[PDB]
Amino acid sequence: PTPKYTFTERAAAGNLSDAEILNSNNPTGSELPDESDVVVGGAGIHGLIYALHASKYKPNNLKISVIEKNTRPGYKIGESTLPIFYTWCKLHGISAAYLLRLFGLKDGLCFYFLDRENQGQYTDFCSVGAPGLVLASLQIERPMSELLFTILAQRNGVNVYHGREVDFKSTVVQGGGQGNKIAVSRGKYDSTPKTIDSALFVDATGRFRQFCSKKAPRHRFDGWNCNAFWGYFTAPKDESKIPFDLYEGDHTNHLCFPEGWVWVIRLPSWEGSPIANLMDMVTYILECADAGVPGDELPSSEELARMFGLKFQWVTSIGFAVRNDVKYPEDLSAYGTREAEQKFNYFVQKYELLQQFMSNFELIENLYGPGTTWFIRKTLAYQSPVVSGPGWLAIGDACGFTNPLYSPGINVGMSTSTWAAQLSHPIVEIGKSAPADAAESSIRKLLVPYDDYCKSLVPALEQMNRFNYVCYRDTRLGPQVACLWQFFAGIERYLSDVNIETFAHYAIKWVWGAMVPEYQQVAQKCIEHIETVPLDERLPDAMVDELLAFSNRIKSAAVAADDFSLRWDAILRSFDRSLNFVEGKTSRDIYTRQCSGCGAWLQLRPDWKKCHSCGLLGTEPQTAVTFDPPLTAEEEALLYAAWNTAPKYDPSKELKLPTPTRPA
């Protein structure tokens, strides 16, 4: 396909604002409709996942309008995504060759555990992702992901309106099929708001809980909560001076210690690009995905920036997520002038490994506009007690949130977004087909499992977060108990069988494995012991011995009961096939390489000879996926064949769950 510059030229011809050029791509028009079936407040990632999944699950059934306050897709923290997210993108028609032009490659998770009392000592836990012919994970700049899903939504019959705000003071939400009146303005100052008459309102306003807060007070869990502070840094081409052995920038890297952990995420940034030019680039990429353009014939990221007049750079997202019972010095003025900067730099100099690590990175000033060099957010975890009611439901962060760790926010949270999307079709039809009293009663009963799932979801994720945090207080418990159990309980068994029809049903059974009984049994034993040791103290060595022995005893039985075949010793660098810890083991599959020209991390497969980010050609390591232990040519062909195309929906087939097999 020849690239078109439709939006760039339309914007210049009409001198259109950012919101006006975006809204001009709507199928129904740039102005709000008088009526809709569903109105979604908020076009964050979940509001858009919801609208995309609802239209894809059953096309041409629901008229859906998404209302977003930002004039263009705004900055969000939350950049790391997991295989279930990519699978969802692939099911919606965008595979890795196209996504990697916009987003950074993610190949597994790596954890480094720093000893607080023995500075310089550390251990690690490293895993790999998948071959390029299997799947990819992504590090996403959120202004780009929300733009991608906006354009994709607009191309699938969904209207998205930026620069428009739901007025929750005058909005009326009623049950049955009686009808909502959603008031939409451009802000407080706008005294000519519009009304959308509609059947279902979806609260996707994130942590702001703009609608469901009216129905219940925000709920907090017992015990300590977490604070976060972060910033953006350069992304070094040469990672060889990082003070951790075998470090690789294309993981989501975690620097873990008693007080909390640091995330390190390498990703490309498009900041500075005009919004109209970005729409043209994204539209071109989708036209290429529609036509099936092969990766080596698709322009590279930097070539796209030249074609469409964009700005492109590599950055590292680095942030702390620490417990809010940490004692800080009263005066931190020596480390900066703002609290976020002060606490970031104070914590770095508390660990020599963190300071040696950070000395590979240069701070970026105001990457996302003035005042964005430093970010801080306090008291992260919460839950919404009420997530549905007459005429409305909530999804995503509006239901609750725990912690960045293991990225449940996007990847687990999309279970609610996609289930609500599926449920939205019968919800709307019930109201159009039955009198008001019975309609409301039938909708209420239909949503009882959705309410019950949300109610138990956040507490389970909260226990999962505390489980990892307490084990991060020791360099043996971290990798050998917490990491091991999250990977065994949470690896996505039978993901290659998921399709659009089963996606929500599968996703709600995942929960990162946090509902697995043996997982909860080990987590409760560790939490119960470690929470009795004050944070400023080292864990007694006998406590670590006992928790380790208890964990390994429960592990051996649960691993023997799992009937899912997996080359565990190839995926986890430090463990054998039976998930036994091996002290000196370093062997692992090799799925990626770093481009010598631009530093971008690449997936190895024989049909991607050039760097997808800068276009530089490689010389035969792409065919050099290293399987260790090796696979025959037939086993390798069989692996790739399983992941080629998702199977058609077979209503006779029973859904296979991602969690380990029950012991029976």
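Note that residue numbering follows the sequence shown and begins at 1.
466-474 and 167-175 differ in mean CA B-factor, and the higher of the two is recorded for 167-175. Per-stretch averaging of Cα B factors for 242-250 and 196-204 places 242-250 on top. Based on the entry's C-alpha B-factors, the most elevated value among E271, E501, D562, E259 belongs to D562. Of the candidates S587, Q422, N403, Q154, the one whose C-alpha carries the top B factor in the deposited record is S587. Remark: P606 belongs to the highest third of its chain, ranked by C-alpha B-factor as recorded. When the CA B factors of the chain's modelled residues are split into thirds, the value for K58 lands in the highest one. Sorting the modelled residues of the chain by their CA temperature factor places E35 in the middle third. Among all modelled residues in its chain, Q342 ranks in the highest third by Cα B-factor. Among all modelled residues in its chain, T150 ranks in the lowest third by Cα B-factor.
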